[PDB]
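# Fold and geometry: a report
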Number of protein chains: 2
Amino acid sequence: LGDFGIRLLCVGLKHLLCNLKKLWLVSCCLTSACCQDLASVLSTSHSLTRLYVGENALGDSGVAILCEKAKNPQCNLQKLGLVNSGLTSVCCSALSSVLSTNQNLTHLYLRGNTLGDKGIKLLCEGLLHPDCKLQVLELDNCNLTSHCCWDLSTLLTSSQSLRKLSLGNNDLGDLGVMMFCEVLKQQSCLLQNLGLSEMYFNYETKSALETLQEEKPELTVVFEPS
Amino acid sequence: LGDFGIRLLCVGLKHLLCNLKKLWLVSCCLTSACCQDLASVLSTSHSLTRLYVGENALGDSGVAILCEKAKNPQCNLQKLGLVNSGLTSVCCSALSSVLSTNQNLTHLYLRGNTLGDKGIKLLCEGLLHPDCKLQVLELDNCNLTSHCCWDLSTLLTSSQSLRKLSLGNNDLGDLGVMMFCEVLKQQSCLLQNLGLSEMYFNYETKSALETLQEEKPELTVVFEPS
């Protein structure tokens, strides 16, 4: 269902009496060209809350379009599946704007996007905003490294809305993770799965993670690979 | 004084009654080809203790040659200036062998060599050896990152011979440095300049470094850039 298919599909999505709530357009050979129509659906639709458009060519220039309308505080978007969209840090300022302004957005899935450390810093500007209500943030293969741990650490204790943070298959660094343990103990509200899957650590780090689960029993799970 | 010049120079260096102790061949348009002759000088010379051959094309394949003779426990080499020699982690196993076996080697200067984290791991195998007597190790622009901090941390407290460690212009990470502070306090003998020059840190890290100097007064200096 390439870009043209979306132009046609959006005819129904923007239509009155269209009560569709969840729409998956994952891997539909889409490009940023279709974002102009999807953005309109997000703006006008009274019912669409779950939009999954990852595994597409909706790169930074595409997300910026979706964000221009998704940032509207009256938008009903709750879950945004911009997974393997080929995003870079370039559009994280747009995602940040949406996170900051759109109080209805509770789940954002960015895995597969090579956002790097710059992207995390930009997202944090929104995530740490008092009006951000994001609960679940997924950051697996996002090409992150240890230099972003200070910003992720900030989110772990400073974001009062965040509940889950699915860090994953990226070379984050085991030392960085040990820092997370120390800060999470400081009354963090991040009680859901912390990810860190497919991420390997030395002994001291693994010990720290096991300790965290015991010392902070309100935490659902670390979910180490071994 | 290219490789040929060295072949001629070594005639005097290998000669009896040649009491030369310090020789600088820095930036002399040398390649690994000359190492065959320099290595012979190191093996036979009764007086040469200071050999500086950096800023040359004496890459990994060149160092391996020098190491083959410098590793000899009867070698009089004390300072080895393999600075900007264009070395990679490939020859660090050779340098490790020298550090482990040659008890007369007290200063090793590797700045400018893109050794990376793999190089540090390999050097540590030698540096942490009970027979290693190295006192000064220079690692400035060595293309290191935060993933080597566990091995450097081990070096900081486990090597009883090391006195100075000139970490420098590399993106080591400020979190990594904070770890160094914590371990140095554990009766480290590394009381000389810790380098970390031209390396910029966040507030918490700078505070930790200033604290280290106050809490561990036997430490000569951290030497932060600001």
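What counts and what doesn't
Residues numbered from 1 in each chain as written, not as in the entry; some residues may be left out. Chains lettered and ligands numbered in written order. Part of a larger assembly, values for the part shown. Heavy atoms only, no water. Buried < 20%, exposed > 50% of the residue type's maximum accessible area, 1.4 Å probe, protein only. Helix = DSSP H or I, 4+ residues; strand = E, 2+ residues; numbered from the N terminus. Contact = heavy atoms within 4.5 Å. Least-squares fit on C-alpha atoms. Salt bridge = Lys/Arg side-chain N within 4 Å of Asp/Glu carboxyl O. Buried area = accessible area lost by both parts, 1.4 Å probe. Polar contact = N/O pair within 3.5 Å; in protein donor to acceptor, adjacent residues only side chain to side chain. Nonpolar A, V, L, I, M, F, W, Y, C, P; charged D, E, K, R; others polar. Axes fitted to C-alpha atoms, helices over the stretch in contact; angles between N-to-C directions. Parallel < 35°, antiparallel > 145°, perpendicular 65-115°, else oblique. Left-handed = near helix turned anticlockwise from the far one by under 90°. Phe/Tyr/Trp six-rings, centres within 6.5 Å; stacked < 30°, edge-to-face > 60°.

- In its metadata, the entry names cryo-EM as the structure determination method and reports 3.39 Å as the resolution.

### A few points about helix α4 (residues 92-101) of chain B
- Burial analysis of α4 of chain B places seven of its ten residues in the buried class, the great majority of the element.
- In this structure, the buried residues of α4 of chain B make contact with α3 (60-70), β4 (107-109) and α5 (116-127) of chain B.

### Looking at the relation of the copies chain B and chain A
- Overlaying chain B on chain A yields an RMSD of 0.0 Å, the required transformation being a rotation through 180 degrees with an accompanying axial translation of 0.0 Å. The transformation relating the two chain copies, once decomposed into turn and shift, fits a two-fold axis. Taking the C-alpha atom as reference, chain B places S146 of chain B closest to the rotation axis, 3.6 Å from it.
- Of the interface residues in chain B, 100% have counterparts in chain A that sit at the interface too, so the contact is made through matching surfaces.

### Quick notes on the pattern of salt bridges
- Counting across every chain of the model gives ten salt bridges over all chains.
- Between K185 of chain A and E215 of chain A there is a salt bridge, and its shortest N-O distance comes to 2.6 Å. One end of the pair, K185 of chain A, is in the loop between α7 (174-184) and α8 (203-215); the other, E215 of chain A, is in helix α8, with 30 residues separating them in the sequence.
- By relative accessible area, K185 of chain A is classed as partly exposed at 36%.
- Across the pair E218 of chain B and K216 of chain B runs a salt bridge whose closest N-O atoms are separated by 3.1 Å.
- The exposure class assigned to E218 of chain B is partly exposed, which follows from its relative accessible area of 42%.
- We classify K216 of chain B as buried; its relative accessible area is 4%.

### With respect to the interface of chain B and chain A
- Each side of the interface is counted separately: chain B has 13 residues, and chain A has 13 residues.
- A combined buried area of about 950 Å² lies between chain B and chain A, and 63% of that area is made up of carbon and sulfur atoms.
- Considering only the side of chain B, the residues that lose the most area to chain A are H147, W150 and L175 of chain B, jointly responsible for 60% of the buried surface there.
- At the surface where chain B touches chain A, the tally comes to zero salt bridges.
- If you look at where chain B meets chain A, you find five residue pairs in polar contact.
- For the side of chain B that touches chain A, the element with the most residues is helix α7 (residues 174-184) of chain B, which contributes five residues.
- Broken down by class, the residue content of the side of chain B that touches chain A amounts to four nonpolar, seven polar and two charged.

### Digging into the environment of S85 of chain A
- Examined against the element boundaries, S85 of chain A turns out to sit in the loop between β3 (79-81) and α4 (92-101).
- Filtering out sequence-adjacent residues up to four positions away, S85 of chain A remains in contact with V53, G54, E55, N56, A57, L58, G59 and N113 of chain A.

### What to know about the packing of helix α2 (residues 35-44) of chain A against helix α3 (residues 60-70) of chain A
Residues and elements named next belong to chain A.
- Put simply, α2 and α3 touch, their axes get as near as 8 Å, and they point 20 degrees apart. When the interaxial angle is binned, α2 and α3 end up roughly parallel. As for the relative orientation of α2 and α3, their crossing is right-handed in sense. Facing α2, whose interface residues are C35, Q36, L38, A39, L42 and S43, α3 presents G62, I65, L66, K69 and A70.
- When its residues are assigned to classes, the contact of α2 with α3 shows seven nonpolar, three polar and one charged.

### Comments concerning the side chain of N193 of chain B
Residues and elements named next belong to chain B.
- With respect to the helices, strands and loops of the structure, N193 is situated in the loop between α7 and α8 (203-215).
- One polar contact links the side chain of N193 to the main-chain amide nitrogen of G195, over a distance of 2.7 Å.
- When sequence neighbours within four positions are dropped, the list of residues in contact with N193 reads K164, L165, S166, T220, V221, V222 and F223.

### Quick word on the packing of aromatic side chains
Residue and element names in this part refer to chain A.
- A full pass over the atoms with the stated rule returns four aromatic pairs over all chains.
- Ring geometry for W24 against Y52: centres 5.2 Å apart, planes inclined by 0 degrees, an arrangement best described as stacked. In this pair, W24 is assigned in strand β1 (residues 22-24) and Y52 in strand β2 (residues 50-52), connecting sequence segments 28 residues apart.

### Digging into unusual backbone geometry
- Although it is not a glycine, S27 of chain A adopts a positive phi angle of roughly 55 degrees.
- Within the secondary structure, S27 of chain A sits in the loop between β1 and α2.

### Some thoughts on the packing of α4 of chain A against helix α5 (residues 116-127) of chain A
Residues and elements named next belong to chain A.
- As a packed pair, α4 and α5 sit with axes 7 Å apart at the nearest point and diverge in direction by 15 degrees. By the angle between their directions, the pair α4 and α5 is classed as roughly parallel. Between α4 and α5 lies a crossing of right-handed hand. Residues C92, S93, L95, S96, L99 and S100 of α4 lie in contact with α5, whose contacting residues are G119, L122, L123, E125, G126 and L127.

### Focus: the environment of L167 of chain A
Residue and element names in this part refer to chain A.
- When you line up the elements, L167 lands in strand β6 (residues 164-167).
- Overall, the relative accessible area of 3% leaves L167 in the buried class.
- On a C-alpha basis, the gap between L167 and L152 in space is 9.5 Å, while along the polypeptide they are 15 residues apart.
- If near-sequence neighbours (up to four positions away) are discounted, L167 is found in contact with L139, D140, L152, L172, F180, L194, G195, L196 and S197.

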